[PDB]
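K.L.:
Following this message is one structure expressed as structure tokens.
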Amino acid sequence: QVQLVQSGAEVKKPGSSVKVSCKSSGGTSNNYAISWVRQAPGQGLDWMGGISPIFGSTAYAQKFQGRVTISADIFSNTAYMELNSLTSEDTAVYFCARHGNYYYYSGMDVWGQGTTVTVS
Amino acid sequence: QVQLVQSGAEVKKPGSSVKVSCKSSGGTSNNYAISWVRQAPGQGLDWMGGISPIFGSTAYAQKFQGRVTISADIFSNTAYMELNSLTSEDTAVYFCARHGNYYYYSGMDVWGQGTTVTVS
Amino acid sequence: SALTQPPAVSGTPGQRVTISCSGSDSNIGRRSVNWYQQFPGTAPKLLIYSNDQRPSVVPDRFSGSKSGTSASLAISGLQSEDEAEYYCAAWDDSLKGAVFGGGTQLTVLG
Amino acid sequence: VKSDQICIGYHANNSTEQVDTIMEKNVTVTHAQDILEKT
Amino acid sequence: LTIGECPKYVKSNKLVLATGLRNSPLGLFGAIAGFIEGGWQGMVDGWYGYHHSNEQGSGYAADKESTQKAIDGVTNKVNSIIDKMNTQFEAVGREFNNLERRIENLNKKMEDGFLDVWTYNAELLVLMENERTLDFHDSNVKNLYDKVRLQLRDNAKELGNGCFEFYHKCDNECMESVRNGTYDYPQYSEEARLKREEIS
Amino acid sequence: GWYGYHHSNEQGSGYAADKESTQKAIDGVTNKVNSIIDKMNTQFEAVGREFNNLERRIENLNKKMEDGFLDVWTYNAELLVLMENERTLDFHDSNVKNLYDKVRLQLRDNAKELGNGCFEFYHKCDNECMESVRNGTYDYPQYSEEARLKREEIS
Ligand SMILES: *[C@@H]1O[C@H](CO)[C@@H](O)[C@H](O)[C@H]1NC(C)=O
Ligand SMILES: *[C@@H]1O[C@H](CO)[C@@H](O)[C@H](O)[C@H]1NC(C)=O
Ligand SMILES: *[C@@H]1O[C@H](CO)[C@@H](O)[C@H](O)[C@H]1NC(C)=O
Ligand SMILES: *[C@@H]1O[C@H](CO)[C@@H](O)[C@H](O)[C@H]1NC(C)=O
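Printed below as a string of structure tokens:
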């Protein structure tokens, strides 16, 4: 089975940047799309983007375009998400989620445990 | 760019033989046909033959058949022309000329500087 | 946004409850809708994909349907363990990205 | 009137990544993977 | 000479594996840059796919099954290329004095020969698998064309450019029945032969 | 040429090479030969080292190292020759198949596929038409009406 293991929780100041990884353990995830979904406290899930590394697609949300950087490592089976220019609105719980195929239309059946980022 | 560099001028006696090389510099010429064209003093150009080395064709003129030997080296990118039984009629300026494709129908767009052979 | 859910639903155990997901032409009407179940403090789980298909680990009491620019998730025979937040998600062709619903908190009465 | 058409094609992009083969050198591909660290 | 968890040293200056297919901004199986003259830049959701065009509209769609099979094959090829060369020679430092220059030359030529052998192995594997990858993509496009061609049979006229114009009114459900390979021949064959007679 | 045509119309008959596919094949074979030479330019070069009678262990080590490197490079040369010979013959077979497929997709139903590499034209294809099918510029709707007709009158 494949389990997605993320990095620990991050405490950041405004104006800084946070980099969150998502290591695919128990098998590779280079042939599937790994999305990055955040969840604000008291709000719903929000899509930030994703990367399909062997397929070569790196997608971003239009409300996150130019501010988030999502990259993947296919030799360590790790997908990364770097978010710059942190404000108090960027406080959320950040999930990596593997799709059912190479692209983003399919359901996200494998999820990471989450990474809580608090900006203060 | 590809430049064809020939050997120096040759002074020969009647009854001997002359070997003229044509080194392809600045790139290979194994995928093109390299013709050998001579020019008698005061006369016009005359085709002797040619070799297409990777294609495997070695053509000769009917008025030069059995007397000229044309070979190619594909590891040194050099085309050779050996003419036997030299007489005074074989005094000419000898050009190597690379064709536009693998065979001899196309125009000779790259020429050597020429090799003057004088038989006396 | 771009997908509209009722913020809360309620029902007794054993009661069939339905959760609606209203979208538009570019997201639900032309792409498949995925359903996600999230307990508080945990990661979301895939519940319904391809509008009507189900994972093998998800019990058969969960079912989904799509008609036009709207989607519906049906939970027949409600249990105590079905108290969670429910999200509908589909790809949006106009935003060139994935959109989520507002979230539906299901409350098990009793 | 216009008849219904279906076509089979393949993905292209604005990529300039080049790979080498035995028979063709510096072939522009849609996606490529550097497996060598130069830095 | 290295220390620690390190990549494998090769003397090559460029080592790039092709994962994607050949770029056509404007093979052995003759589909990519063959009878299909160029790639589609509007088709971003897959490596291979379709461009339907009927009265309900025209647009692109990917063949997700063949694209996923190709991506699985390319991923497993890359993993195999990394896996086979995990046992590469690792050069370590040896020092010799001035009366031991022959053993020093022996060690130098041993390590240089092993580095040359593994550099040749890496370069040749990259070149051979780049040919295999490009021919694999060409075979995938050719197999998708063959799958659609054998689905439709004589209910569609192939135009020789990778496209099939239908002899029947093939709507969006018909197009998606072509795409999943669940096209039904006898539902459309009579109107197909009627249109063939009327355009004869 | 390596690959080509043999038209047999009413104006005569004769052979004609496909210079485009032949030139691409010759470019590929030339670049394959150059790549085979260039990839094996870093081969092991054995040098003479001598050892005394109390240094037979290092002498055996040296001769085993040099013999093993010569065996490795002999295997590499032989296997590259065998594999690229298969790839070359399959490349030529694919070139002939691709030329046949190119002509077949040009002509479509305007010619009868005889199954032996030849195409039986339904319409009268003169020397200009044969030159049109030779360089990929055959016009289907010019000849389609008389081809469909001739299909009706021959059937
Ligand atoms: C390989 O790349 C070099 C440097 O970019 C370029 O000069 C050369 O033309 C390329 N080779 C081929 C065969 O196109
Ligand atoms: C990519 O190339 C096409 C032509 O092949 C051009 O129209 C398009 O603008 C290019 N894309 C970008 C983002 O510039
Ligand atoms: C997929 O195939 C099914 C087979 O029942 C067909 O009904 C459907 O139209 C196809 N749908 C899509 C979205 O490709
Ligand atoms: C085919 O080749 C001839 C000779 O090169 C050329 O003049 C002609 O234009 C080509 N045929 C057509 C129909 O364009």
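These protein sequences, in sequence, are chains U, R, L, G, D and Y.
For what it's worth, the working numbering labels the leading residue of the first sequence as 1, then goes sequentially.
For what it's worth, the working numbering labels the leading residue of the second sequence as 1001, then goes sequentially.
For what it's worth, the working numbering labels the leading residue of the third sequence as 2001, then goes sequentially.
For what it's worth, the working numbering labels the leading residue of the fourth sequence as 3001, then goes sequentially.
For what it's worth, the working numbering labels the leading residue of the fifth sequence as 4001, then goes sequentially.
For what it's worth, the working numbering labels the leading residue of the sixth sequence as 5001, then goes sequentially.
Where is the CB? At the ideal position from N, CA and C, for every residue including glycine.
Just curious, the beta strand (DSSP E) that U/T78 is in, first and last residue?
P.N.:
78–83 is the extent of the beta strand (DSSP E) around U/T78.
K.L.:
Roughly how many angstroms separate the alpha carbons of D/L4017 and D/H4137, rounded to a whole number?
P.N.:
Going from the Cα of D/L4017 to the Cα of D/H4137 covers about 14 Å.
K.L.:
Tell me whether Y/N5031 counts as near ligand 5, meaning its Cβ is closer than 7 Å to at least one heavy atom of that ligand.
P.N.:
Ligand 5 is not among the ligands present in this structure, which contains only ligand 1, ligand 2, ligand 3 and ligand 4.
K.L.:
Output yes if chain U places a C-beta closer than 8 Å to the C-beta of G/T3039; else output no.
P.N.:
It does not; no Cβ of chain U falls within 8 Å.
K.L.:
Would you kindly work out how many angstroms separate the C-alpha atoms of L/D2060 and L/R2030, rounded to a whole number?
P.N.:
Distance between the alpha carbons of L/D2060 and L/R2030: 26 Å.
K.L.:
Under 8 Å Cβ-Cβ, which residues of chain D neighbour U/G8?
P.N.:
Within 8 Å Cβ-Cβ: nothing; U/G8 doesn't reach chain D, min ~22 Å.
K.L.:
Considering only residues of the same chain and omitting the five flanking positions on each side of U/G112, which have a CB-CB separation below 8 Å?
P.N.:
So the list reads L4, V5, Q6, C22, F95, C96, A97, once near-sequence residues are dropped.
K.L.:
Can you give the Cα-Cα distance for U/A61 and L/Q2079, rounded to whole angstroms?
P.N.:
Each residue's Cα considered, the two are about 36 Å apart.
K.L.:
Against chain G, does Y/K5032 count as a neighbour if the rule is that its beta carbon must be under 8 Å from one of theirs?
P.N.:
It does; some Cβ of chain G falls within 8 Å.
K.L.:
Going by alpha carbons, who is nearest to D/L4124 out of D/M4085, D/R4153, D/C4170, D/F4035?
P.N.:
The candidate whose alpha carbon is nearest that of D/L4124 is D/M4085.
K.L.:
So for U/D46, helix, strand or coil by DSSP?
P.N.:
Three-state DSSP puts U/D46 in a strand.
K.L.:
Applying the criterion that 16 or more other CB atoms from any shown protein chain within 10 Å of the CB defines a buried residue, is R/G1050 buried or exposed?
P.N.:
Burial call: buried.
K.L.:
CB of D/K4014 to nearest heavy atom of ligand 1: below 7 Å?
P.N.:
No, since every heavy atom of ligand 1 falls outside the 7 Å radius drawn around the Cβ of D/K4014.
K.L.:
Mind listing, in chain order, the residues whose beta carbon lies closer than 6 Å to a non-hydrogen atom of ligand 1?
P.N.:
Having a Cβ closer than 6 Å to some heavy atom of ligand 1 are G/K3025, G/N3026.
K.L.:
Could you check which residue in D/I4036, D/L4099, D/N4013 has the C-alpha nearest to that of D/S4024?
P.N.:
Here the closest residue by C-alpha is D/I4036.
K.L.:
Hey, is Y/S5094's beta-carbon within less than 8 Å of any beta-carbon in chain G?
P.N.:
Taking Cβ atoms only, chain G never reaches closer than 8 Å to Y/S5094, which makes this a no.
K.L.:
So if DSSP puts R/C1096 in a beta bridge, which residue, or which two residues, is it bridged to?
P.N.:
Answer by DSSP bridge pairing, in chain order: R/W1036.
K.L.:
If distances are taken between C-alpha atoms only, which option among R/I1034, R/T1116, R/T1115, R/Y1102 comes closest to Y/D5027?
P.N.:
Nearest C-alpha to Y/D5027: R/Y1102.
K.L.:
Exposed or buried, what is D/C4163 when buried is set at 16 or more other beta-carbons lying within 10 Å of its beta-carbon?
P.N.:
By the 10 Å Cβ count, D/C4163 comes out buried.
K.L.:
Mind checking which residues open and close the alpha helix (DSSP H) that includes D/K4195?
P.N.:
4189–4199 is the span of the alpha helix (DSSP H), which, as asked, contains D/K4195.
K.L.:
Please report the Cβ distance between U/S85 and U/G15, rounded to the nearest whole angstrom; I am assuming they are in contact, meaning their Cβ atoms lie under 8 Å.
P.N.:
About 7 Å separates the two Cβ atoms, so the contact holds.
K.L.:
Measure the C-alpha to C-alpha separation of L/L2095 and U/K63 and round it to an integer number of angstroms.
P.N.:
Distance between the alpha carbons of L/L2095 and U/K63: 9 Å.
K.L.:
With burial defined as no fewer than 16 other Cβ atoms inside 10 Å of the residue's Cβ, what is the status of U/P53: buried or exposed?
P.N.:
So U/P53 counts as buried.
K.L.:
My guess is that U/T58 and U/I70 are in contact by the Cβ rule of under 8 Å, so how many angstroms apart are they, rounded?
P.N.:
Confirmed, about 6 Å.
K.L.:
Quick one: is U/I74 buried, meaning 16 or more other Cβ sit within 10 Å of its Cβ, or exposed?
P.N.:
When all chains shown are included, U/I74 counts as buried.
K.L.:
At a threshold of 7 Å, does D/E4198 count as lining ligand 4 (C-beta to nearest heavy atom)?
P.N.:
No, the beta carbon of D/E4198 sits no closer than 7 Å to any heavy atom of ligand 4.
K.L.:
Kindly say whether U/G100, judged by its beta-carbon, lies nearer than 8 Å to any beta-carbon of chain G.
P.N.:
Chain G contact via Cβ: absent.
K.L.:
Which one of G/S3003, G/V3027, G/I3006 has the shortest CA to CA distance from residue 4204 of chain D?
P.N.:
Coverage of chain D is limited to positions 4001 through 4200, which leaves residue 4204 of chain D absent and any answer about it impossible.
K.L.:
R/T1058 versus chain Y: which residues are under 7 Å apart at the beta carbon?
P.N.:
Those do not exist, as R/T1058 stays about 15 Å from chain Y at its closest Cβ, beyond 7 Å.
K.L.:
CB of D/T4182 to nearest heavy atom of ligand 3: below 7 Å?
P.N.:
Result yes, Cβ under 7 Å from ligand 3.
K.L.:
Assign Y/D5038 to one of three DSSP states: helix, strand, or coil.
P.N.:
If DSSP states are grouped into helix, strand and coil, Y/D5038 belongs with the helices.
K.L.:
Give a yes or no on whether 8 Å exceeds the smallest Cβ distance from L/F2100 to chain U.
P.N.:
Yes, its Cβ sits closer than 8 Å to a Cβ of chain U.
K.L.:
Taking the alpha carbon of R/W1036 as the reference point, which residue from R/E1082, R/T1091, R/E1089 has its own alpha carbon closest?
P.N.:
Comparing Cα-Cα distances from R/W1036 to each of R/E1082, R/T1091, R/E1089, the minimum goes to R/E1082.
K.L.:
Can you grab the Cα-Cα spacing for the pair R/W1047 / D/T4075, in whole Å?
P.N.:
Cα to Cα, the separation comes out at about 56 Å.
K.L.:
Report yes if the C-beta of residue 2943 of chain G is less than 7 Å from at least one heavy atom of ligand 2; otherwise report no.
P.N.:
Because residue 2943 of chain G is not part of the residues shown, which for chain G are 3001 to 3039, the question remains open.
K.L.:
Against chain U, does D/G4020 count as a neighbour if the rule is that its beta carbon must be under 8 Å from one of theirs?
P.N.:
It does; some Cβ of chain U falls within 8 Å.
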